[PDB]
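Input: a single structure, listed below in structure tokens.
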């Protein structure tokens, strides 16, 4: 789908300017999920949990940390709650802040030089 044929793309790598390629190409892979989206994924979008609460709070203080946390949820809270094809980073962040109980990371300038396993420190 790139004319003229004489001066076609012939990239053979991913896209090379042709936004279309990135669309279809990525689709072939994303299709791995093989399931209902516009129907199921959308059917869930309707309702919504109350996570916004804790999120609005934890984010109220962790601004810089909230921007990185929203990056992921951006494809879940807005995507209509996949509740099936949930990304992988979704949990990576939920644990980066406190998989169970810990909090704190290393900013803003909150790290007193070399952190420590909160759980271990038991303090």
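Numbering (the entry's author numbering), first residue to last: 0 to 122. Where is the CB? At the ideal position from N, CA and C, for every residue including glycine.
Same chain, Cβ closer than 8 Å to residue i, neighbours up to 5 away in sequence not counted
| i | result |
| --- | --- |
| residue 41 | 79 |
| residue 71 | 86, 88, 89, 91 and 92 |
| residue 28 | none |
| residue 45 | 79 |
For residue j and residue i, believed in contact at Cβ under 8 Å, the rounded distance
| i | j | result |
| --- | --- | --- |
| residue 97 | residue 75 | About 19 Å; that fails the 8 Å criterion. |
| residue 114 | residue 105 | 6 Å |
| residue 83 | residue 39 | 7 Å |
| residue 68 | residue 92 | 5 Å |
CA-to-CA distance, residue j to residue i, given in whole angstroms
| i | j | result |
| --- | --- | --- |
| residue 127 | residue 43 | No answer is possible for residue 127: it lies beyond the span of the chain, which begins at 0 and ends at 122. |
| residue 6 | residue 51 | 52 Å |
| residue 77 | residue 47 | 10 Å |
| residue 81 | residue 4 | 41 Å |
| residue 73 | residue 24 | 22 Å |
| residue 121 | residue 32 | 41 Å |
| residue 17 | residue 37 | 25 Å |
| residue 1 | residue 26 | 18 Å |
| residue 99 | residue 54 | 15 Å |
| residue 19 | residue 103 | 42 Å |
| residue 128 | residue 110 | With the chain represented from 0 up to 122, any question about residue 128 goes unanswered, as that position is not in the structure. |
| residue 65 | residue 94 | 14 Å |
Neighbourhood of residue i by C-beta, 7 Å cutoff - its chain only, sequence neighbours within 5 removed
| i | result |
| --- | --- |
| residue 107 | 63 |
Close beta carbons around residue i, own chain, < 6 Å, minus the five adjacent residues each side
| i | result |
| --- | --- |
| residue 101 | 117 |
| residue 21 | 14 |
Exercise for review: Please list the segments of the beta strand (DSSP E) lying wholly inside the region 23 to 106, counting only runs of 3 or more residues, in order along the chain.
Suggested key: none
Check your understanding: Is the region 58 to 74 touching the region 4 to 18 in the sense that three or more CB pairs, one from each, lie closer than 8 Å?
Key -> no
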